[PDB]
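Residue numbering begins at 1 within each chain, and the chains themselves are lettered A, B, C, D and E in the order written.
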């Protein structure tokens, strides 16, 4: 029925900021708030004019959350759904989860309940956060534990920003990610990983931006997100509810991390070119070059595929284009699973930001696939980690906030297990 | 900050007299008192106390146990230079024996002095130390000095004492009993004094024969040459300086050890009136023929060197002057003082007495070196002593003032120790 | 592949549907643990109140060097003041009663002028 | 989020007064007056170095400490002298020293409080104190001694906040003064315990940068200080400027220092004296260009951080950078993944159209420490000028006890050339 | 600083009255009147011999003592007779003696007081009394006997100040008497106890010095006194003159006398009768020229002091001087280092363009003493003229007791030809 957004931590917020903007452009809410159920999914029709998101934003420095209450959309949120922490996270799980987190954690948890209080039959939570990064791993994890307690059934859906060398990481990133994803895994239901590498890579191949910004990246992530939610703020069969999510993408409780693929990212100025074919957009989907976690699934196996088409599209085509995707490619569905394909068409044409870099399109695909190769990312983190922790590398700054040396061990120990589970799903 | 002069005893005074004269010629104070040099309503302040609204009065006190010499001051011009009080005189003479000045005849005046020096350090916000000029051998010069200094040590806890001894030599007439006097004071006085510039009278007289070509060199002849060495040692903190350096650093450099160490004095260009190279003047310093205590340090080892240049010099020059005063000369730097060769330049030209014997020069070096061979002087005294005391020689005149037979022993006993300490600094 | 597709749901703003391509063939978050967050909280106040009551170690060792000096000084002052003055009542006592060890050895070849001139007023 | 600046001791004060008038003129600040510069950015993070007072005006959060008049009134009467808040000058009056103990015990502890009472009045004033940064000499006393003490007395009063220093490790060239090894070794010890990062400005390098590579015959403290002043503006840049990163300085620390033993960064610069990008990096990673007297060759990089300056494409920088850690691939430890990161701010320094600066946690810094403990044990050998401290109230064994800590530091660095 | 002059007994008085009129005319003094001499120096230290009175006028600090009129009115009516202060003449009246005891006990002590009451007057008048010097004969009575007593009664009243005497040690050739050895030995004893230095003018030398070397057939007390008067000017010079040294006379003592047993100097002179520098020293250090009858050859010099007179270069003197202690190197004890010192005053004596005088603590002076105890023990042998003292109130054994003290003195000197 209702669907709260929690965006913790710089990345999470900035992502959140530029996909609420896209939700607004899609549903036609001029910033102030007013539009000239249906899309009640995400908005709480507050007062007798405005539309206010069902959002809460937490970060442990102001700064970023500050830019929201400064730039237009400044009238979009309630002043209280924006929480800010004064003292920074300092780029380590240890801080956010225990030291500096403790402090603010009871405020947030309160406010999200204020928001789910005006909700007859709330569904779940969308949680947007950074994989590596201070509060992003730390706080998120903590939030999520306590969420699990305060809200028993209610699904949690995480959208992690898995980090990559160039779009600048931090030495200590590896730790943070392994750390959270341990604690956070048993508490979260489905998790859309987003490889920053992938996105940046798409902005270079496709958009032709030599030096892609966050604000550049975010825009492209903004769309993937809109397209995954879409189905439930419009209501257009498939993923019309949160259960129905992991119901279709993960068959294995182990929070599985579906692969994100977006359809036609084409740079405006190439706008009035040709509208791409129902077939072809699909055909991009099954392309490494267009993925969303730097990997490849012509090496792994598929365990559930989901195609999310948006626009003017008739099933007849989708079918008869899949046909030839099967006839002309690397099928590779694993051992004990149909050969998936739950296909949803959402007749709503895919709106893009106006000064944005991509162009208005006709029709876009989305592709949500649970592959065992998504664990090639799982491993690449782990190595970096293994080889630092071999020497206690930075360990101390965390023992310093007050963690256990063995919470590092007992978390790697989990990744090793999950890295093995995934691989153990092979034929 | 401020720096009191005490000149005790004929030699001390007469030396003092002809270097307050030199100070005055350097800073431009016409005997009258006043200096056309713009105000004083600091720097030139280290040594002078701007008394009344005209005059400049030294921070000096002169004690001696006969009038006679002190009398010469309040008679010859500069008669207007000092305050009447700062000149103390004793009526009954010293009689040329430590015993007298330290006990019998000193007792009497000692309290007077001690008072008046305090009157002088009373108008001094943050007085630094004392310069004490005295004779090694010689009645009050050994005796009174010694007493003064003990008591100074009590009345002024920290405040360093800087002695300028005039170590005595056979020709510029000594006295039979000299040896005793010197061994005696230097004992008592040693644990109370901080650094001591020995001046061998022999050396000076020697320099006045080689260089000045004076067949029969006076005290007034000698003093003039010592006047300069003193000026150049104080200099540093007398004029401001900027592009260089105070004692206190030169002090930390010279004396690595408790034992008051007695730096060698060497002057640069003594050339008789009626311009030498930056390199050459230096080369003079490392010469037996130009030293301040007859001896040689191509036989001892060095434990710290200090070069004090004054006048038309540039470092680019001193650099090569030194470097070469090593490439092919009397090297020898000892087991553990990696440094040695501190170096400053007190740009102010080396102003010499007008009817004096030396000429205005361009640039002068000064070389303050603590060598173990300076103890070759230590011994030459001791032998003279040993061989007299072997028979109680003159002992009695001292037992007669009221000394102990064993204060002669218990003081030799120290020289033997010091003579050993010095030699024990070898590799 | 030639499809066979079963349609689930036909919304207002959309259509979904399943399309199998080849039959598959085969066969407590629990609250209590926040005491594990005041398990940090009291491992981190240790960490600190250690290297705090450990910099309070070096603290009044300052009270010490700033003392072993001042105390070191009055041991020199108020030690070699009577290491002087008690070698100078030692001095007085030594001559002040030797200028009188000279006098009584005289007043004796003196009280001897009288006791042999009061013997010349007895002789021839 | 906000940092106070302690600047103590003759050398310390000199350096900091150049630091100040460089950055002040970067942000565009008058002797007193406020902004004058057709840029805008500047004021964004002006906050971080500049607690502001009456009317317009901009006053640096700065505490000037020293044990003797002169060198403060050297600043007061000179460059940006009118700038610093007048009762922010803590005079000594007394003897200074040129002797650690004086500054760390007798003559120092005499003041400390009165400084500490003003740091309190700036930090307690601050909206959210990030930490303190301090400048001083390591040889000689009133900087090295009072300093090491200020900080020892700052932690304890703020364990909370982090400690930053610029410490000028002194040399045999550029000053005689038989004792510094002692003072240095007595501090290095202090430093390793109570700071979180320290930049080692080796005077020895500084010299050589002016003479080995510069032709500057008569080297001032002046030109040579001009080198530090520049290196410092660079090191700090992205705390006080843009919106590239944000740089908690805690962030800078928790990213630069793998090992609690506060590892000292040797800094580096690009162009110098008183530029192509390839020609910039290959120069910023040259030994003959390091701010500390090493050759980061005998020893590897633990972590590196480089920050560039001027409107140049970072297309070319990512690429030059990854390219150094390739033609030099071995000398970046491989147990810490992306251990060299870069940042780009495009507002030029003094003259200078391009520029870069370099912060390096390098085990080769060991070569520096060894060489101070080298002339140390050569002296403390036969207990040299030690009686200068003995008498001021110190123990014989506090030297061995420091000599031995430092020796450890050397041998933990020497250890982290591992596998 | 200031000295009084006691001058007692026929011989003493004679000598002193020649002393006085030599120095008086050196400083330029009239019979009474003051200065007349185009020199200036003179008056610097005139202080030391000349307490001054009414108006101009200059009067010598002098006490004239004797036990019979004549020899005073010999001065009063003669040379500079108008000079001495009139109630400074202490007449005897009574028998004189030519017999120690008379002068040291019976007829002497009779007076002593009246002398002592005037020495008190001059000394208690003096600004800072340096000491007394006294002139007298050793043989015969009223000088030797009263003297030895004046001094024995002067010390005790001034232990403080030092004792100085010119004592004319007599002989068989040139005597008033048989008995002198007795008188001499009785004084020599007294001298060795209560003076600090004595100059031994041996009449025997003086005679040999006028017949072996001076063409004079039978020498008066005149040409002969003449020699002492010159030697005494010589000895004193640098108390009463320049600004060469200053010569506390205490200084002179504590430098000339190693051993408390007041060791007696034998004086010497340069040119004589009534000069090249080399030809001056070789003469001043010739035995045939000593003021005491020895041959400073049989015995060594303990300490020597030589003082030269006239405008001559001391370039040459230091050099001649060190040259005597080289061609005679063995006869200066080598256990007292620089035990021969020289001084130069450049204001000539009587006639005489050059000159020197010589003071010598020489163990050869033993030869003198031995030769007076020689004729003593030859007499006191079989108690000769002893009943001349016996009866005046003396004990038999006071002679042995003196003979034996003197004998010792001989054998301490004889000891200090040591190693």
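Things worth noting here:
Just so we're on the same page, a residue touches a chain if its C-beta (ideal position, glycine included) is under 8 Å from a C-beta of that chain, and two chains touch if they have at least 3 such contacts.
The pair with more inter-chain C-beta contacts, choosing from B-E and B-C, is B-E. For the pair subunit D and subunit E, the distance between mean C-alpha positions equals 85 Å. One simple way to say how far apart two chains are is to compare their mean CA positions; for subunit A and subunit C this gives 57 Å. In whole angstrom, the spacing between the mean C-alpha positions of subunit C and subunit D is 27. Subunit C and subunit E have CA centres that are 75 Å apart. Touching of two or more other chains is recorded for no residue of subunit D. Taken chain by chain, the contacts fit none of the simple shapes, being neither an open path, a ring, a star, nor a full set of pairwise contacts. The touching residues of subunit D, counted against subunit B in their complex, run 93-94, 98-99, 172, 176-179, 217-218, 375, 378-379, 381-382, 384-385, 387-388. Subunit E makes touch with subunit B in their complex at residues 1, 128, 245-246, 248, 250-251, 254-260, 303, 313-315, 318, 335-339, 341-343, 418. Across the complex, subunit C is touched by residues 97-99, 102, 142, 145-146, 148-149, 186-187, 231, 234-238, 240, 315, 319, 322-323, 326-327, 331, 333, 335-348, 400-403 of subunit A.
If you check the complex, the residues on subunit B that touch subunit C are 103-104, 107, 150-151, 153-154, 157-158, 191-192, 400-404.
Against subunit C, in their complex, subunit E makes its touches with residues 105-106, 109, 152, 155-156, 159-160, 194, 390-395.
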